[PDB]
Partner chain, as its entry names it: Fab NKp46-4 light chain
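Coming up is one lone chain in structure tokens, specifically the form deposited without its partner chain.
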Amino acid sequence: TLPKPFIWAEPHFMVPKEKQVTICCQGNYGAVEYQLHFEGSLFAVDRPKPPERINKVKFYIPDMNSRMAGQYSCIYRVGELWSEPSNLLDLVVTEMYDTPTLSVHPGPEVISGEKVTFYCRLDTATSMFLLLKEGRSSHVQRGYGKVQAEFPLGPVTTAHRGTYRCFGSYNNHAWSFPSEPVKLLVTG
């Protein structure tokens, strides 16, 4: 009946503790009420006025903390009907406690075709590790292991070029400090 809303974070979902993030919810033009929900509770509300030209609302979150790391959703109202929930957004808090180390095999400089594997180590956390690829063409990989996890990339191409940082975690939504970057140079 009502177009399903859409939720996303800005800049992205990895929020360093004490820092800020903005959660955006898109509903529909004219909607008079938007609610941001967090783990079964009401987090924030926004009532567009005038609503005719508005179809999105921004929820600002300053001073990020682990108690705010989790699953968010959004619903909006037009008249007396409420919409179905939006997609589920997971916010994680970073820079918690320690700093893991990152290493790569065979080395930081390779030619297309060489199999590359990254290794993240942190002995004071859980088995869940994460490999982040900086800049554009960004994304996050996850790996598991005791004290250390590996992230094999298989044969690489120049597309694998970029800066990498890894994270350790204390639970699925609470991550450590990013590791020192490793700039992978691919030739060929």
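Numbering follows the first chain given and starts at 1. We call the rigid core whatever largest set of C-alpha positions still superposes within 1.5 Å between the two forms.
Look at the C-alpha B-factors of 52-60 and of 154-162. On average they run higher in 154-162. Looking only at 26, 137, 41, 35, the residue with the top Cα B factor in the deposited structure is 137.
Ranked against the other modelled residues of its chain, the C-alpha B-factor of residue 67 as given in the entry falls in the highest third. When the CA B factors of the chain's modelled residues are split into thirds, the value for residue 98 lands in the highest one. In the deposited entry, the Cα temperature factor of residue 79 sits in the top third of values across the chain's modelled residues.
Ranked against the other modelled residues of its chain, the C-alpha B-factor of residue 145 as given in the entry falls in the highest third. When the modelled residues of the chain are ordered by their C-alpha B factor, residue 182 lands in the middle third.
Below, we turn to the form deposited with its partner chain bound, even though it does not appear here.
Although the partner is absent from this view, residue 32 contacts its partner chain in the bound PDB entry, with a non-hydrogen atom inside 4.5 angstroms. Among heavy atoms of residue 47, some come within 4.5 Å of its partner chain in the bound PDB entry. Its partner chain is not shown here, but in the bound PDB entry it comes within 4.5 Å of a heavy atom of residue 79. Proximity of residue 51 to its partner chain in the bound PDB entry falls within the 4.5 Å heavy atom cutoff. Rigid-core fit between this form and the one not shown: of 130, 57, 122, 69, the one residue whose Cα shifts 2 angstroms or more is 57. Once the rigid core is overlaid between this form and the one not shown, residue 142 does not reach a Cα shift of 2 Å, moving by less than that. The two forms, fitted on the rigid core, differ between this form and the one not shown by 2 Å or more at the CA of residue 79. Here residue 161 does not count as shifted, since its C-alpha moves by less than 2 Å between this form and the one not shown after the core is aligned.
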